[PDB]
Amino acid sequence: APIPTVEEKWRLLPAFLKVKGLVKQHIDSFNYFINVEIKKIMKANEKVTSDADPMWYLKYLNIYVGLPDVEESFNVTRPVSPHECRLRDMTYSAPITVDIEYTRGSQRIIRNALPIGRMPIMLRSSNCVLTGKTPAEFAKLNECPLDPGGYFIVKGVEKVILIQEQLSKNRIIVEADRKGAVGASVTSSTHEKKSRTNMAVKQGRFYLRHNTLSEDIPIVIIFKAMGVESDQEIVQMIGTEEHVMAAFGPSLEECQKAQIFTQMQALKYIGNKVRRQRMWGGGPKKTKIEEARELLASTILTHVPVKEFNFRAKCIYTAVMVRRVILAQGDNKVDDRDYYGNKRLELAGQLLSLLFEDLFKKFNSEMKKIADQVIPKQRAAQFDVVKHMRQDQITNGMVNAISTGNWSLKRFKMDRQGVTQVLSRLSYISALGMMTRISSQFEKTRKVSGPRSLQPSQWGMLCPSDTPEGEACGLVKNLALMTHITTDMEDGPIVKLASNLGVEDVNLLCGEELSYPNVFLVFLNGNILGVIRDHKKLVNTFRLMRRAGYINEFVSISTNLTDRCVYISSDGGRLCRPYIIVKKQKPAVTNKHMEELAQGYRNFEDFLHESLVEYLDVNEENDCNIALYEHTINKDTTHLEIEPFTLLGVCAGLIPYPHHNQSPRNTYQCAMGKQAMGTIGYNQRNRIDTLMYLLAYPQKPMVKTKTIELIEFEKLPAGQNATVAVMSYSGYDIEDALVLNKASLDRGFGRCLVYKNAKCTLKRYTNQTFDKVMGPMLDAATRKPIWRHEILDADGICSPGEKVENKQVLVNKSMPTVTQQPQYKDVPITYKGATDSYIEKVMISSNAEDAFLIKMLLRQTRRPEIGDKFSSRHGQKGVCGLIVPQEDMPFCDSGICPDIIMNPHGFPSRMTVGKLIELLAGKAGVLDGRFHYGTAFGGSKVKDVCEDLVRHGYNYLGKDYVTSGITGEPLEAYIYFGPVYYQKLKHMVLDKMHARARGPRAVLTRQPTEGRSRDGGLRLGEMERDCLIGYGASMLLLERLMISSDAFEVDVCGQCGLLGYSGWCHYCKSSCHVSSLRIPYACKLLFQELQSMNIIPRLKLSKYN
Amino acid sequence: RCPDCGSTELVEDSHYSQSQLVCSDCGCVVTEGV
Amino acid sequence: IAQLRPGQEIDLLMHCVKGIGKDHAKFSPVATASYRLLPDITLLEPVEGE
Amino acid sequence: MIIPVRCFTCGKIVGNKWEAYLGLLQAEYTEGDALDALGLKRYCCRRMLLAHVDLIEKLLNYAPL
Amino acid sequence: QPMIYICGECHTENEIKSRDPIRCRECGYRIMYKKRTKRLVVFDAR
Amino acid sequence: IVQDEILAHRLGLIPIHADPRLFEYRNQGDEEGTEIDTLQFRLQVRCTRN
RNA sequence: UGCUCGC
Ligand SMILES: Nc1nc2c(ncn2[C@@H]2O[C@H](COP(=O)(O)OP(=O)(O)OP(=O)(O)O)[C@@H](O)[C@H]2O)c(=O)[nH]1
Ligand SMILES: Nc1ncnc2c1ncn2[C@@H]1O[C@H](COP(=O)(O)OP(=O)(O)OP(=O)(O)O)C[C@H]1O
Ligand SMILES: [Mg+2]
Ligand SMILES: [Zn+2]
Ligand SMILES: [Zn+2]
Ligand SMILES: [Zn+2]
């Protein structure tokens, strides 16, 4: 009697994608920032006033962001589309205005609409013009309907703010030190200050270390300073276990060694260990004990609040910390940093909120300074802020922080880099996967190899296979297909329900109750909420109340029996995943609910409200029991997995049958699909980017995953299905190589288009002179333009439709040299290119600064050849080794010749059975006119495709009788034929081909330049020099590193040993001992630099004999 | 002027990433390298 | 060949010359020209029944 | 973008059988029976017509016109 | 010499001379493309 | 909207019903073409609203 | 300088 299974259960996934999913995270975060958080920030700094001239103030009333507009028109705004901002190389922002009231001459003056800045508008947000639009209206705005959005457009470039990952704040971390000492650390972070205080056991006793103390002091002294003076109460608070007292004995003995027995003595001892913050302004007037008490109340353990100098909660907190350290000092139960239950994810919303708060505080400080400087000495003409409210401050700050990507917040002392990254437009999959990226706080510079591991906590939250292969392996990750990031809650009803549920106040009882085995501590965001007995009832009631709707569904509750702590988490950034609730071996979701969802009676919110599906956090799912399938449900099951294939991310979803392949193969496939060539969107023709790759005849895959249908990848494919035959042919496919068919490439297979952009600017300078474009310099001999100016039109700008060759001008730009007649020198935009290019379009735009921006879109049509890199959607990257004619290709009985011949030897070492399954499913599908599914942990089975093959008259294993095309005789072994979805990569041999003549050299060191765009040469590295040394080729090494790279002839004086010039020594004022000498130029530079460093190298020359 | 033939047909023609001012009549390389 | 919209125009002349399929596949006259060996299935023993 | 004229593997003329195929999609014919009625015996032309996406009209929707 | 351009939304032939603010009649769009050349261009079917 | 190179490639794949035996191979070069060894096809389509 | 990549 098998348990009934809901077949339509997977239908819960698309509905969840209707309100949440891939791109909704950043959109919702930006909307919450621009609709709620900005108002709170404005309210926090609503009033600003100066100390001088009292009764003067500047009061903010309400702030608005409005709709995106452009300041091109003279003092007039105009609606502008994001594509127009991309074309004009401007920013897509909306004017931040605010209504205010102030006092000019003690008379209240109010302004109802006064702009103060410009906020860059995230695409597809609440205020973005793209939202609430139909695909026809998207076409009217030249924007792709399938574009994910959620990225900023600044100065014409698309920047994406990656999701930041960090450790959770206000949490005790027990960890071993460098010397093996198991200590504790707590980074108490409030809205104002973040302070990491540590506790060590370096000498069998516990010392507390903080940045505000000169030397670490015993914990018992701090206990005595915080109100509790009796040692018995301290011991009761620490614990009543015999081993606990045995471990804490040395601390009590060390405390009794000194004469510290009262609160005053301990406070004086602490103040003696307090150092002033470099002569703080103001008379101290015996603040030692006061400074100590203030550091204990405010600086130390900021997250633990003291009502009115009552350190009872702080005492209980540090006692629990000491108890945890004592318990961890035995059995090595050291907490791990890689546990994602202690991780927090900051979206663009929180970062933008912090940045806007910092910018507004800086603006208010600048306004207060201007007031203090202007009001008391200017004139009877009353000063008003309106004449000094600079509007470029916030705008420039936002633009720079978004574009450059470096964020420096002095108010929070946060110096971050790489926050924003250029959106990759290689393909639709590339942008869709980059939109859901997550960077690590480790900020890779070294081999940590501790967060780079794949932790089991990433289940359902982050994609295990999707990771950049290279130095960033493991520290750059991707979110799962079905995941959600929580926001901040009010935390009020949580406290109310906890107090009403029997949680005893910690101030009512002593710390001895903390040592009882049945008493469980309840926390709240790192704050000790209290104690409780029979925590099972508490947890069950809290979960039932959350399911009922009286508590927010994102509030998480977990229990740690080892530490006996009930954690209640309500802060934002936590990862949650929907799960079907299971009660008494039967899921709450039935077939009737799925039928109602399919018919439209209910949505995912109805499933959430009816206690059917609930969100689980990592900490909460740590205590819950989840079943993968219905048949796995047992008596002790609390939740059911919605869909297993949701474990993979977006890029991993393209893999057909990924569970049949190896994990490095899946990782390489994700990495190559991020670089897969194909269509970008429906507006890819009007789009003008610096580099674009398009496919001539893209085709949707035959074996498509359900994730492909969810992300609508089939509407924008990035590859072609080719009849691949797995066999060895001509020995030109030895290692990963593949043989292509000449006739196939001749008929359009693999044909690709490369679009490049050439931009030029004609700007007006300070002087009343402008850059002007001269006409084509016609040759008087033939009355026709010269070969260089052949493609130019009458206006000096190259016209679309013609072909451009190497060293030809596109824009005949001439710029003045003055900034009396203006003198113009020519700086034309020449086209550097090995092959010819065709001009598709030329866009001419005009900015507010009268600068004409001209963009030419050059197009190149390229055919697959030897050297082009090809992928097969399974990590089997390959290079075209040989292009054989059609007649040389083997043929079957039906006469089909394969397009791509791949080596079978790549299969055994990599075990890519998924490729064979995909080939078989695709063959069956193209035979019966169907699209088989390669869904992870499912999909079409092998038996079904075998039956489909045997029904159509083909072999049930793909292997078919094939006759050799060369000899005309049949092969002894059958060949594995079938359609495989091969995708071409951006790595081309034409772009990677490089050859270096003498060429240019660098000014500092006369050596070839670095890159290919700079016409650089290849570098003989240190290891190459080592190899040449090992070979013993002295003359070859000398010719390479001296003769051919930086050879020079200097003049050295044989008397003083210094370097001369033109056969003359200025030091000795003679030229008889000066002799020429061959030398590397870098060596002469080193000698000169050493002479500059007073390290004078004196060369004693001699004859070569 | 060209140092060999004395002609004034000195053209700046870059040959495979090598800036070179060369005479257009006799092909004498006047200046090379930048 | 292609699909157009109002305003767009396609004007061109095409010069066609003689060529063989070896140079380019566009000169291939046959779509599928193949040959197969004639099968001859033989029964070693008389098979009857279902 | 647009339906290719020649099949990649064999080379049978397939560009002229696209719109009629769409007609067979406008009719009650499924994929397999329509591909059979069009005369595509080998599976290469079936894959060519079935896996092709018609992106030309989506681009013409963004054309200047 | 009449230099002709095409607007981004009206798609009308507009004649503007040098040093003119880039605009188009009966609208306000500021994206101005250049018309295709009239010179003969030879292409290879390869 | 179709690219010029893609348009030329699609036009090249279009077969011609001309008898090849009645023509000859074009000599090396000679892009102008002669009556014997070339054929010309004019394609002029202007799309407009009905 | 930064960063995404290619092995
Ligand atoms: N922020 C930034 N810094 C740069 C950039 N290019 C170079 N630098 C800085 O300059 C140093 C390297 O200089 P180079 O790249 O050798 O400068 P260069 O290419 O010789 O300059 P040119 O002679 O003008 O080509 C680095 O330490 C960088 O900090 C850039 O594009 N942005
Ligand atoms: N950081 C690097 N330093 C030196 N060589 C590198 C580096 N990254 C890549 N390579 C080059 O690439 C090669 C690495 O390939 P290898 O690791 O042997 O196969 P693989 O990448 O594991 O492929 P599979 O995943 O096994 O299919 C060897 C090396 O010459
Ligand atoms: Mg390699
Ligand atoms: Zn000397
Ligand atoms: Zn075919
Ligand atoms: Zn217009």
Side-chain angles (χ1 to χ4, degrees), chain A residues 72-73 78-81 83-84 87-88 140-142 155 157 159 399-408 415-422 445 686 690 827 832 843-846 999-1017 1019 1050-1077 1082 1085 1087-1088 1091 1096-1102, chain B residues 17 19 33-34, chain C residues 7, chain D residues 63-64, chain E residues 4-16 20-35:
Chain A
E72 165 269 334
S73 182
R78 183 179 62 92
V80 52
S81 59
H83 189 258
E84 183 178 356
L87 292 183
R88 300 184 64 179
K140 296 180 180 60
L141 298 180
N142 298 330
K155 294 174 295 182
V157 311
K159 294 301 180 62
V399 167
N400 295 18
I402 292 187
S403 187
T404 61
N406 58 331
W407 296 40
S408 60
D415 187 8
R416 295 184 176 182
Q417 294 182 358
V419 181
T420 68
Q421 291 187 357
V422 186
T445 316
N686 302 330
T690 177
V827 278
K832 284 80 176 180
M843 180 205 66
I844 313 178
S845 179
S846 180
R1001 302 180 185 272
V1003 181
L1004 183 57
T1005 161
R1006 300 182 181 180
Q1007 295 180 1
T1009 52
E1010 294 221 3
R1012 182 178 178 269
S1013 298
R1014 320 180 189 275
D1015 301 330
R1019 160 168 176 164
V1050 298
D1051 298 330
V1052 185
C1053 182
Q1055 181 178 358
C1056 61
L1058 300 178
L1059 302 179
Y1061 62 98
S1062 67
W1064 169 266
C1065 180
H1066 180 266
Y1067 182 82
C1068 298
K1069 293 297 182 300
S1070 180
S1071 179
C1072 60
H1073 298 154
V1074 183
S1075 300
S1076 180
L1077 179 61
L1085 178 61
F1087 285 162
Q1088 292 189 340
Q1091 292 190 16
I1096 311 299
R1098 309 183 187 274
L1099 310 182
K1100 180 179 179 60
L1101 300 183
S1102 60
Chain B
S17 69
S19 64
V34 63
Chain E
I4 199 70
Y5 287 129
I6 296 298
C7 183
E9 54 183 5
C10 296
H11 311 290
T12 60
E13 297 186 356
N14 297 19
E15 197 280 336
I16 54 180
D20 292 4
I22 297 183
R23 209 186 309 269
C24 177
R25 46 190 59 91
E26 76 258 349
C27 67
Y29 206 43
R30 276 191 169 267
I31 299 298
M32 217 62 189
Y33 303 97
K34 178 184 298 298
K35 270 182 56 60

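Values below: all heavy atoms of this structure, side chains included; hydrogens, waters and symmetry mates excluded. The sequence lines fix the lettering, A, B, ..., with proteins before strands; numbering per chain opens at 1. Atoms within a ligand are numbered from 1 in the order they appear, just like the ligands themselves.
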So, A:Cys1053 and the Zn ion (ligand 4): N/O/S under 2.8 Å, yes or no?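 It does; at least one qualifying atom falls short of 2.8 Å.
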
A:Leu1058 and A:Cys1053, any side-chain heavy atoms less than 4.5 Å apart: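 When only atoms from C-beta onward are counted, A:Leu1058 and A:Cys1053 do not touch, as no gap falls below 4.5 Å.
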
For atom 25 (O) of ligand 1, which protein heavy atom lies nearest, and how many Å away is it?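 Heavy-atom neighbour on the protein nearest atom 25 (O) of ligand 1: A:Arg1014 NH1, 4.5 Å.
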
Is E:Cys27 close enough to the Zn ion (ligand 6) to have an N, O or S atom under 2.8 Å? yes

Using distance alone, with no hydrogens and no angle criterion, decide if E:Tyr5 and E:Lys35 have a side-chain donor and acceptor under 3.5 Å apart. no

For A:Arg1014, does its backbone N or O pair with a side-chain atom of A:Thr1009 as donor and acceptor, under 3.5 Å?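 Yes.
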
Please check this pair: side chain of A:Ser403 against backbone of A:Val399, looking for a donor-acceptor N/O pair closer than 3.5 Å.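 Pair absent, no side-chain N/O of A:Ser403 close to backbone of A:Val399.
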
To the nearest 10°, what's the angle at the Zn ion (ligand 6) between atoms SG (E:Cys7) and SG (E:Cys24)?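 About 100° at the Zn ion (ligand 6).
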
